[PDB]
Amino acid sequence: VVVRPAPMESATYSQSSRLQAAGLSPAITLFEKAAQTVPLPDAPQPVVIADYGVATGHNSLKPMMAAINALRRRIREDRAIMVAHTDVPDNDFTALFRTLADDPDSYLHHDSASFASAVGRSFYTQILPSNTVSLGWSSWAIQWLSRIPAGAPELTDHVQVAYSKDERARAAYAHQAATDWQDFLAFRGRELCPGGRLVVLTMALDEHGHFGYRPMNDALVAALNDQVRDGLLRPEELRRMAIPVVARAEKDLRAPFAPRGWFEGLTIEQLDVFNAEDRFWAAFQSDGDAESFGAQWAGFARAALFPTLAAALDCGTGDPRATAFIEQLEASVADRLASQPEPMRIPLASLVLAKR
Amino acid sequence: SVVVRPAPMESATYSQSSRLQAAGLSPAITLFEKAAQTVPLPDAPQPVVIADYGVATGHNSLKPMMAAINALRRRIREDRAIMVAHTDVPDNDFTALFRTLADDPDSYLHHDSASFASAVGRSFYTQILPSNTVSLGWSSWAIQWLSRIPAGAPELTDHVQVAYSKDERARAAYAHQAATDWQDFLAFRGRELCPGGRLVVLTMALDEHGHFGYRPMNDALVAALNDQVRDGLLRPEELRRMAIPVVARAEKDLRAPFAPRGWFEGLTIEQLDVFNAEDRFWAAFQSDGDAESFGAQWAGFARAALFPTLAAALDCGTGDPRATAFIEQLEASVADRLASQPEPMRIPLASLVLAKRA
Ligand SMILES: Nc1ncnc2c1ncn2[C@@H]1O[C@H](CSCC[C@H](N)C(=O)O)[C@@H](O)[C@H]1O
Ligand SMILES: Nc1ncnc2c1ncn2[C@@H]1O[C@H](CSCC[C@H](N)C(=O)O)[C@@H](O)[C@H]1O
Ligand SMILES: CCCCCCCC(=O)O
Ligand SMILES: CCCCCCCC(=O)O
């Protein structure tokens, strides 16, 4: 009865998350700096790093290595560092453990006293022992709502609430995001060591209050409307489709802390709101390959969003119809964006949080 | 890879098909609970770590974990963190594990609000947890699985279990692989345990007479596989390729790394028992006379634990419908054969308590 989003498409996420990787690049610098200065546990207790919202692990390798390299300048080489990667139960943890074993960039291949574990429990509850996490990292994860809000109006003509014209829906999604953010902070506040640091990167609204990805969202909705026109999609199924993602404004991120600056033992040490460089547009300006441009954007949308859309179908998620739906939708979005390539806004927020 | 490994349990059926395992491990829970009463615990703010080596779906971990946690709660504050680290191979179904921990009312997460869960998908034949952090280790029905089919070992012609093979070279190769695997397992647990820590192991053993047990089951399985070849459902080449990388150890094998002075890599055997588990399927049949249920229980047990490893030998994919049909038919065949002539079976086990030097 509680409707939740779907995890990333395991088969394609590691190959289709270059946008996310490029966008989080500035946050790695913050994370590295946090690792250089954070108070550490008494030797020889293991130093714990937490990665909240790991998916396949591909985009975690660089931030984890940056922290580990920084820590190694401060501690003995034989001292244990434990990385706890967290996601939802239905995330593909086999893909994660294969990434950690097989990818040359894996920290396990670079540091002989580093260790890996996984936690498959929603990060909107406490999932690690209190006072044990020295360094927390979360990129591209917290924009995902814990649920479609209870009693929220069905998004009749849209898949993203920011583009919806239903005021009741907007408020319901906004309240859910506010409660989710409070919950996330409350439990990270318990998990962090005193003096510990948490670096968060999430989807944001820009200075004008816009969600961004405008041509993408237009292409997506149009491609879905074409499937109902061609009889590939039922009108009821399209009505049910919704992405439980909310992008937060600066004011939304600060809300739990106002006005004294603290919430559940945590404070905002640094906050930045910025637009990530549009690499797909930059590449297109260089090579003029419109088909490639369309394929890059469509692949990004597929791995991250399509499993959630496919969950609304009358058939099963393992049903061949769902696979056909995913592949057709990707090809249609690709064609639409390839026909008229345009730059897009990728609004992000980075935060450094510190525990008392 | 040219290194051939066993396959994990069938996650779809293991939680429903592991009552034999659950019943067999029951005596080891008592040992584990007793260990929990006195093992040293780590300095604050470190959680007490309980490691579960070879978790599968988690179904059979709930009882031993809760026994340890209950004992620990008689010693320490209710708000002290306890972390259970469940370990398996990368291709284990960890989603099934986390669903078990969230949904089963027997889950320690539902009974202890300061208990936590994690998973480690890295072979336990290497070190997979930080040195000196584990107070209590548990491993049931896992260490009999070889790290690999031994390199250069002859194809198990006419057999799927090496104990029943007539090939001397195959038997020796499997025995040597088991011996080095056991040394590896001990070496790395010896590093992971806290000084004074305890590890409880339950594994498949050879009985007093050096026998593997499950004889009627073994016979039914071989006969059923032969039926599939004869009926054109399985290629002769595929059956030749099939081998279960499982080795049951005698007392002497278990003691081998420790002999003669009693210690290996900081560990010693505190207690060792070798016993046959009560055959509950036979007991039920003696009570109710339901031969069909008898066959189904045995075949379900074999299916969940063994059939993925057999299916890996097929020329098709493991995700192919042909592999599913193979598993389903093999189960039905074994069930029918055992139902036709119900017989008691030997289930030889060994339980060990290992202690790390203080
Ligand atoms: N409540 C929740 N608890 C844990 N993980 C969640 C979650 N809601 C969403 N996620 C996870 O957040 C991930 C978003 S993809 C981000 C992956 C990676 N950090 C990167 O930067 O590319 C998905 O794996 C999704 O399953
Ligand atoms: N090298 C290895 N490392 C980790 N796990 C292994 C392994 N070899 C086999 N296993 C695991 O051991 C498990 C055996 S099933 C036993 C499950 C449970 N402990 C019970 O008592 O019922 C399987 O999940 C299998 O994947
Ligand atoms: C138009 C919305 C785009 C959402 C991107 C989500 C990225 C991720 O979760 O990895
Ligand atoms: C006849 C061989 C029986 C092997 C049982 C393996 C049980 C398990 O690994 O869970």
Review point. Which net charge results when you count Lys and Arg as +1 and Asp and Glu as -1 among the other residues whose beta-carbon is under 10 Å from that of A:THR156?
Key: -1
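Tell me the volume per residue, in Å³, of the convex hull enclosing the alpha carbons of segment B:256-325. All intermediate terms of the calculation are to be shown ahead of the outcome.
Numbers: hull volume 11.4 nm³, N = 70.
Spelled out: Cα convex hull of segment B:256-325, divided by residues, is 163 Å³.
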Revision key, fill the gap. Expected vector for segment A:46-62, Karplus 3J(HN,Hα) from phi with 6.51, -1.76, 1.60 and θ = phi - 60°, integer Hz, x for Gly and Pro, equals x, 8, 9, 10, 10, 10, 8, x, 6, 6, 6, x, 3, 7, 9, 4, 5
Practice item. With θ set to phi - 60°, apply the Karplus curve 6.51 cos²θ - 1.76 cosθ + 1.60 along segment B:185-191 and write out the HN-Hα couplings as whole Hz, x wherever there is a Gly or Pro. Key: 3, 5, 4, 7, 5, x, 7
Review point. Which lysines have a Cα less than 27 Å from the Cα of A:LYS33, not counting those fewer than 8 places away in the same chain?
Key: A:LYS62, A:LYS251, A:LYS355
Study note, to complete from the structure: Per residue convex hull volume, Cα only, segment B:15-122, in Å³ is 101
Practice item. Please list, in chain and number order, the residues 5+ apart from A:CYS193 or on another chain whose amide H is under 5 Å from its amide H, with Hs placed from the backbone. Key: A:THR132, A:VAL133, A:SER134
Exercise for review: Mind jotting down a quarter of the surface of the convex hull over the alpha carbons of segment A:47-182, in square nanometres, one decimal?
Suggested key: 9.7
Review point. Simple spin-label model, 7 Å along Cα-to-Cβ: B:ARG357 to B:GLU328 in nm?
Key: 5.7
**Study point:** Long-range Cα-Cα pairs in segment A:40-83 (distance over 16 Å), rounded percent
**Key:** 37
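How much FRET efficiency would the formula 1/(1 + (r/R0)^6) give for B:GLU278 and B:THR38, where r is the Cβ-Cβ distance and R0 is 41 Å, rounded to 0.05?
Values: r = 29 Å, r/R0 = 0.71.
Calculated transfer efficiency: 0.90.
What FRET efficiency, computed as 1/(1 + (r/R0)^6) with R0 = 22 Å and r the Cβ-Cβ distance, is obtained for B:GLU168 and B:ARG240, rounded to the nearest 0.05? List each step's numbers first, then the result.
Working: r = 19 Å, r/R0 = 0.84.
It comes to 0.75.
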Review point. For segment A:280-356, taking Cα atoms only, what is the radius of gyration to one decimal and the Dmax to the nearest whole Å?
Key: 16.7, 53
Check your understanding: Roughly what % of Cα-Cα distances in segment B:222-344 sit above 16 Å, to the whole percent?
Key -> 70
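Give the value in nm², to one decimal: projected area of the alpha carbon convex hull of chain A, averaged over all directions. Display every interim value, and only then the final one.
Numbers: hull surface 71.6 nm².
The directionally averaged projection comes out at 17.9 nm².
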**Study point:** Kirkwood estimate for segment A:142-298, i.e. one over the average of 1/r between Cα atoms, Å
**Key:** 18.1
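What is the sum of charges, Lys and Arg at +1 and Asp and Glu at -1, for the other residues whose Cβ falls under 14 Å from the Cβ of B:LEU72?
Numbers: positive: B:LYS34, B:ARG73, B:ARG74, B:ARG75, B:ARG77, B:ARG80, B:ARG198; negative: B:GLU33, B:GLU78, B:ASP79, B:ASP112.
Value of the local net charge: +3.
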Exercise for review: Please express the Cα-Cα pair-distance distribution P(r) of the protein assembly as shown as a list of whole percents, one per 20 Å bin, running from 0 to the bin with the greatest distance.
Suggested key: 16, 45, 32, 7, 0
Review point. From the phi of every residue in segment B:94-110, what ³J(HN,Hα) in whole Hz does the Karplus formula 6.51 cos²θ - 1.76 cosθ + 1.60 yield, where θ is phi - 60° and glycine or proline is x?
Key: 6, 5, 4, 4, 5, 5, 4, 5, 8, 10, 6, x, 7, 3, 4, 4, 8
Review point. What is the Cα coordinate range of segment B:131-187 on the first, second and third principal axes, sorted by size from largest, in whole angstrom?
Key: 45, 19, 13
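Where a number appears in this text, it was derived from the coordinates with a stated rule and is not lab data. Heads up, the Cβs are rebuilt from the backbone with ideal geometry, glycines too, and the neighbour counts pull from every protein chain shown.
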